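Trainee: Please read through the structure below; I'll follow up with questions.
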Amino acid sequence: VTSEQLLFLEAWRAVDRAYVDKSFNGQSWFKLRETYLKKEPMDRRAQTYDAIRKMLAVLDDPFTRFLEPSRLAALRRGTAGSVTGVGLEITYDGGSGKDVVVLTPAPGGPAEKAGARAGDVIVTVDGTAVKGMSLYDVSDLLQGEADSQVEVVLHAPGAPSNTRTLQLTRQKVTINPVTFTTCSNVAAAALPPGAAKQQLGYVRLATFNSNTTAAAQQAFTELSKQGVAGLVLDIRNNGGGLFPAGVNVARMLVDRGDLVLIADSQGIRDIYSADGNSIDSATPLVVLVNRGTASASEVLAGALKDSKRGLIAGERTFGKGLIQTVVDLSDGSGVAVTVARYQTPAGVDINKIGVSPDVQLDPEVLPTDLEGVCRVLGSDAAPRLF
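Listed below in structure tokens is the structure:
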């Protein structure tokens with residue numbers, strides 16, 4: 078058994094131990110290992126990496142991927158300094174043809190400013206066809222030094238002929254996780270039943286990151302103090318992000334009860350529940366979501382819905398409910414492995430199914446800027462949120 082073979086075995090073991098489906102897509106995992114050791118060339122590092130990728134592929138899970146040393150390091154630094162993108166979060170088509178699509182455009186980032194919307198399908202990046210490539214590889218094509226440009230060709234969902242070519246300039250993108258306001262003189266259409274004041278509290282939660290919790294706490298607190306008639310939590314176009322901040326937010330609204338189950342082929346592995354630290358669990362709440370709402374955001378929405386704490390309004394969410402971990406290998410390379418999936422308190426998978434609105438509404442009727450929101454909600458054309 079060679080050094081190259083041991084390295085391969087490290088990758089095989091990472092999956093053997095942690096993979097979400099212990100039936101391995103119907104493959105005999107140990108048998109594969111023995112077969113590859115015997116039939117696959119692993120004379121140089123490069124061959125070993127290819128053999129690892131080949132093995133991962135049999136799982137038919139495009140999120141389970143191998144990362145070479147430099148890539149893993151870069152993944153780690155992420156979009157921090159010197160490394161910039163164009164304000165796109167990407168993922169694979171929801172019916173996955175290996176089509177890469179825009180999960181969500183970052184608010185005010187380059188791609189959004191150039192008209193890109195959640196659900197658009199990415200055809201090429203700098204001429205390269207992205208269908209079926211690793212998302213880690215695709216991001217690499219999308220990223221680069223600030224002020225540099227990249228060409229992205231996109232089409233409308235289910236309209237391959239409806240394309241556009243954008244020349245985007247890479248720039249740092251800064252999403253402010255939370256903004257909020259009180260809307261006064263709200264239209265009757267937009268109020269919850271039995272409202273005693275025509276005022277609504279609006280909270281735009283654009284991303285879950287390190288700053289989300291502290292900012293959301295301040296918003297709910299203030300709003301509660303104002304005695305608003307209803308709360309409008311806006312998580313449209315929020316790709317998820319920091320799972321714990323989504324849990325923290327859920328905990329601000331619900332006093333008791335399960336929030337999310339973590340499951341895999343074995344059954345439920347972990348649960349997160351309310352911790353009695355609510356800020357506001359009584360004001361009527363409506364949560365706005367759309368096809369750009371994904372992952373931690375969907376989890377939030379699903380806990381609010383199942384618990385009956387809030388109504389979901391808008392359009393069905395993405396259905397991005399898998400969880401991956403990156404397992405480091407001895408040579409600095411790594412494997413991103415799907416280890417689990419999110420389920421609602423009711424035990425339904427978020428994956429694929431997403432979270433459906435109780436109130437179907439055109440997801441573009443309401444703006445996301447504080448001024449515009451109050452304007453529309455005070456209008457004769459206010460959405461019937463509740």
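The C-terminal residue of the sequence shown carries number 463 in full-length UniProt numbering, and the numbering is unbroken. Each residue gets a CB set at the ideal place from its N, CA and C atoms; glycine is no exception.
Looking at the unbroken beta strand (DSSP E) that takes in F143, where does it start and where does it end?
Mentor: Note, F143: beta strand (DSSP E), 142 to 144.
Trainee: Which residue marks the beginning of the beta strand (DSSP E) containing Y169, and which one marks its end?
Mentor: 165 to 169
Trainee: Across which residues does DSSP place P182 in a beta bridge pair?
Mentor: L165
Trainee: Can you check which of these residues, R154, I427, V92, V227, is closest to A413 by C-alpha distance?
Mentor: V92
Trainee: Compare the Cα-Cα distances from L282 to each of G196, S301, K108, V309 and report the closest residue.
Mentor: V309
Trainee: Reducing DSSP to helix, strand and coil, say where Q303 ends up.
Mentor: Looking at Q303 - three-state DSSP - the assignment turns out to be coil, as it is neither helix nor strand.
Trainee: Taking Cβ positions, are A293 and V250 nearer each other than 8 Å?
Mentor: no
Trainee: What does DSSP give as the partner residue(s) for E228 in the beta ladder?
Mentor: DSSP lists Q244 as partners of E228.
Trainee: Can you tell which of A233, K274, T421 has the C-alpha that lies nearest to the C-alpha of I345?
Mentor: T421
Trainee: So, under 8 Å CB-CB, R386 and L362 are touching, yes? Tell me the CB distance rounded to an integer number of Å.
Mentor: Rounded, the Cβ-Cβ distance is 6 Å, consistent with contact.
Trainee: Rounded to the nearest angstrom, how far is the Cβ of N428 from that of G398, given a contact under 8 Å?
Mentor: About 3 Å; that satisfies the 8 Å criterion.
Trainee: Can you tell which of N239, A340, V179, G391 has its C-alpha closest to the C-alpha of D435?
Mentor: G391
Trainee: How would you write the range of the beta strand (DSSP E) that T201 sits in, first residue to last?
Mentor: 198 to 202
Trainee: At the level of alpha carbons, what is the spacing between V200 and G369?
Mentor: 19 Å
Trainee: Please specify which runs of the beta strand (DSSP E), each continuous and at least 3 residues long, are wholly inside the segment 285 to 338, giving them in chain order.
Mentor: 307 to 311
Trainee: Along the chain, where does the alpha helix (DSSP H) containing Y113 start, and where does it finish?
Mentor: 106 to 116
Trainee: With H, G and I counted as helix, E and B as strand and the rest as coil, what does DSSP make of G192?
Mentor: coil
Trainee: Assuming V179 and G196 make a contact with CB atoms under 8 Å, what is their CB distance in whole Å?
Mentor: Taking 8 Å as the upper bound for CB-CB distance, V179 and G196 are in contact here, some 7 Å apart.
Trainee: Does the beta-carbon distance from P182 to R194 come in below 8 Å?
Mentor: yes
Trainee: Measuring CB atoms only, is the segment 234 to 241 touching the segment 207 to 220, in the sense that at least three cross pairs come out at less than 8 Å?
Mentor: no
Trainee: For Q276, count neighbouring Cβ atoms within 10 angstroms of its own Cβ and tell me buried if that reaches 16, exposed if not.
Mentor: buried
Trainee: Can you tell me which of the three DSSP states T156 falls into?
Mentor: In the structure shown, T156 sits in coil (DSSP, three-state: anything other than H, G, I, E or B).
Trainee: In terms of residue numbering, what span does the beta strand (DSSP E) encompassing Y279 cover?
Mentor: 277 to 282
Trainee: Near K274, what residues of its chain come up, given a Cβ to Cβ distance below 8 Å and the 5 sequence neighbours on each side ignored?
Mentor: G304, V305, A306
Trainee: Can you have a look at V78 and say buried or exposed, based on whether 16 or more other CB atoms are within 10 angstroms of its CB?
Mentor: exposed
Trainee: Using CA coordinates, which residue listed in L231, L245, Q343, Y279 is at the minimum distance from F101?
Mentor: When only C-alpha atoms are compared, the closest one is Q343.
Trainee: Can you have a look at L83 and say buried or exposed, based on whether 16 or more other CB atoms are within 10 angstroms of its CB?
Mentor: exposed
Trainee: Thinking just about the alpha-carbon of each residue, which of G271, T259, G424 is nearest to the one in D446?
Mentor: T259
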